[PDB]
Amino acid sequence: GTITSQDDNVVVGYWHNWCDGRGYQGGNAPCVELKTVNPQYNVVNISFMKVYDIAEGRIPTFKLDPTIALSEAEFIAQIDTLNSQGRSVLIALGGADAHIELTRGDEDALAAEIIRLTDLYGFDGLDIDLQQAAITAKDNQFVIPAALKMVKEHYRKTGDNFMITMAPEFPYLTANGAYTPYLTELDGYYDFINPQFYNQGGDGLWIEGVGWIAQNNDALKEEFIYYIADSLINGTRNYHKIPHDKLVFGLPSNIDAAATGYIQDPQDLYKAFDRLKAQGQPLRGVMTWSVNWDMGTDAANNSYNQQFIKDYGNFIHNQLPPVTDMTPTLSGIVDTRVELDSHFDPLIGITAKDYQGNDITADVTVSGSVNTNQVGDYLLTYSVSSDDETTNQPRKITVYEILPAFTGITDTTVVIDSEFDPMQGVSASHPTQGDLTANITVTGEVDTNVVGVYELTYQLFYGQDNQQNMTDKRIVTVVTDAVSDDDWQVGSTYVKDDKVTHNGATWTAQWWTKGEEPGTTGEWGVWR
């Protein structure tokens, strides 16, 4: 069949390329033929395209498991049957332990293999379902988007909309999280994102004024669904913006299909979706891991018997078609600190795209101004308009200054009659003003002919017109080279006629003494 895309809401279901998967609660997921998958699953994702053996090279591929009892030809025929029904069949790239480690330059070959598989099997697009190390391994974050743009354009040439979807685990969707390059590079190229709102335990989000809402909290499931989706569709609460017309809510089919995240009470989903629609932002659908689990059995060998599609199929299909959020994006805007008197260019590193991913960087405008000749905060606002929408974002620019530093202002002792240069070994520096040694003055003098302590005060003048300054002090002590009688010590024993130095004087012992301090023994005591 032909490349078949979905114009309206989706119920996405993954399809296992394996048999008898073991459940989180001891159930079993049989392999199933594509032709048995409920019609209401209008997007079916073949799981998974991956590296099977490092020995085959770095480019991942898809190898049907023959034990599903479909030949290559029958598999192709079943996909053609789904397409004849207006249903889409994607290839899901990634999954657990996918072992994808692409290197820069691999994008041509990955694009070529995506095309080969798409043309052979009749796939309608590709789901990015990178997990764990694969999300960030080697150059995957560059290679995968680069390849997918090429694919998309290859099929656009023939009037075909090759679908691109992604299935990020939700915690990675924070504004500077690991999925950022995929979401940003492919803005305009992707049809929808179906994050996984499951298998993340106690992860969740903080709602100011309300509290913490966790993905595993079954008492607050309506709130979880509402708030995480509200945050995504508006780019609030530290999440990257995914437009509501492109947000599909990914869920476990049942308690065997995932560790956590199953919706106990479907009413929580209906009401959360209803609230989103009530604020003018209906979502695009739901997604499940998986059709095999929906058709599986529990530990007691009782059949799940399609409960997930029973609960959600009609709810999601019985909705109006999506209304495109055409707001544009700005990228690269980050608060920035700049050194006093450095050059600042408000446009560098900043870009913009329309809702279709076209570059509209030239249409960016900036209000506000930075004066790098004056420390302080400067607030800029960037704006861009396209498609009768406008996006605005602030940027704070802080101009700062670092203090210069002295070196060599160290207290020192020099010998009588030595030559002393107060500037020897003294310098100053500043990161931008450079060598400031010539801007140091010295207050005070040292007289090395005279024993004593000499204070020097160093001042540095700097900046524009040398109107800033800083100061430091140094003590230079001049000591004689004359030999003196030895210093008195409290525990020493001295003999009549022994001489010692103490408190600036020379004293001679008049008789035997230990522990008597010279100068303290009066007019007629032992030291004179």
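Just count from 1 along the sequence shown to find any residue number.
Mean CA temperature factor is higher for 518 to 526 when stretches 518 to 526 and 3 to 11 are set side by side in the entry. In this entry, the higher average B-factor at the C-alpha atoms falls on 299 to 307, of the pair 299 to 307 and 245 to 253. In this entry, the residue among 142, 121, 262, 239 with the greatest C-alpha B factor is 142. Between the residues 204, 177, 394, 313, the entry's highest C-alpha temperature factor is the one at 394. Per the deposited record, the Cα B-factor of residue 66 falls in the middle third when ranked against the other modelled residues of its chain. In the PDB entry, a CA B factor belonging to the middle third of its chain's modelled residues is recorded for residue 337.
The entry lists a Cα temperature factor for residue 490 that places it in the highest third of the chain's modelled residues. The PDB entry assigns residue 39 a C-alpha temperature factor belonging to the lowest third of its chain's modelled residues. Remark: residue 195 belongs to the lowest third of its chain, ranked by C-alpha B-factor as recorded.
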